[PDB]
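So this first bit is one chain, no partners, the form deposited in one PDB entry, shown in structure tokens.
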């Protein structure tokens, strides 16, 4: 008896999962011949390559638990194998007598390299490998092909391309396993009956004092519930315009499906299909780029440009990316990273980010502009790294692509438009409720100076119980001065890049 193995990496879901569905149908179309091992590999190598904060670890933990629960309902389970894939797969290929391995493809350079090696090993041991592109709606390879070998570098060309492509068929959940015994314990399982059980919170989250509120639980089950909840107001969905949603409302002004889409707890293909059903129902509706479908297309856009550039997450060696002489300032980087810039709107966002692991798209704009072309002139790579650690939705292509946009390094070139760290939040939160919540030391400042506490006299600062320089920092830079200087620095960088 040989085993069929589905390997979760992303695609942490039962629904719309062709790679996992094929495994299951095969076992049921040929009962008694196959064992089924759905596995997730706790790969220590990924930590040399990316940062993971406490909040995102918990999200993964919760996700793996939900996925194990969901597989049990199909007379299966999740096997979480600890170790490096390069060492894990030769062992289990033999110990398990693996006939077929399936997994969902990923375009990230660490994923491509790792997957190539696994496919070289699988070819050697005579293991059949079947891969499916289901993490994105469109296959980036086919978009680039249709565009004659190059990724479209504007959203509108990208839309023009994918319009002519076939939308894939969205699958349901696999059928339960008919009369399948629990696989026999292997070398590892026999010396430890729990060697493959889902990790506890204690095993994954080493810095539990960095956990923030538990607001967006991981898991396919929570993903589907949040999607349904978000789709209930079809008028809100149909008339969604991303630029007009507030960055600093106390409740999220958008869907917060990003962590789920990032891990594949939600199929982007399913979400897209559900969105197109409402749009059909609702004749007055928004259109890309501002619409909710437009939002999913932004995800497709960045995956397509990223798939063509292994150096997408850095300035050097990146075909898309303007070469800009960013400066090194460790103290300013530290202040931004910990929301101690002295600009309450910026600090509010960076603190919501650290504590909760999600901030609105335009709040990411605000803090990203400030770090880079706007105020501090620090590389977008440094902001990417902080975002990587704290974001629940940390996504290799989307984090890099949007940082390049916000820094005017790629895709966006109107660097003379600079967010004000004082004015920008006021449009949608003139009372500063968002600042009061995340910078509570300023909570007694009136709306007239809560965005600009340095406009309050010392007497009033003492009266509000928050003296600048003691209880809340002084501004680390003066926006009105530096952002004018940085526009000149940007223009010089643009000139140098144009001449080369």
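Positions refer to the first chain, counted from 1. Residues that one form lacks are left out of the comparison. Here, rigid core means the biggest group of C-alpha atoms that superpose within 1.5 Å across both forms.
Keep in mind the form deposited in another entry is missing from the figure; the text below concerns it.
**Q** After aligning the rigid core, which of 467, 447, 46, 52 is the one whose Cα travels 2 Å or more between the shown form and the other one?
**A** With the rigid core superposed, the residue that stands out is 46.
**Q** Given that the CA-CA distance for residue 49 and residue 200 shifts by 3 Å or more in that other deposited form, does it become closer or farther?
**A** Closer, not farther.
**Q** Do residue 115 and residue 45 have their C-alpha atoms closer or farther apart in that other deposited form than here, with the shift being 3 angstroms or more?
**A** Relative to this form, farther apart in that other deposited form.
**Q** Can you list the runs, three or more residues long, in which each C-alpha shifts by 2 Å or more between the shown form and the other one once everything is superposed on the core?
**A** Moving region between the shown form and the other one: 43-50, nothing else.
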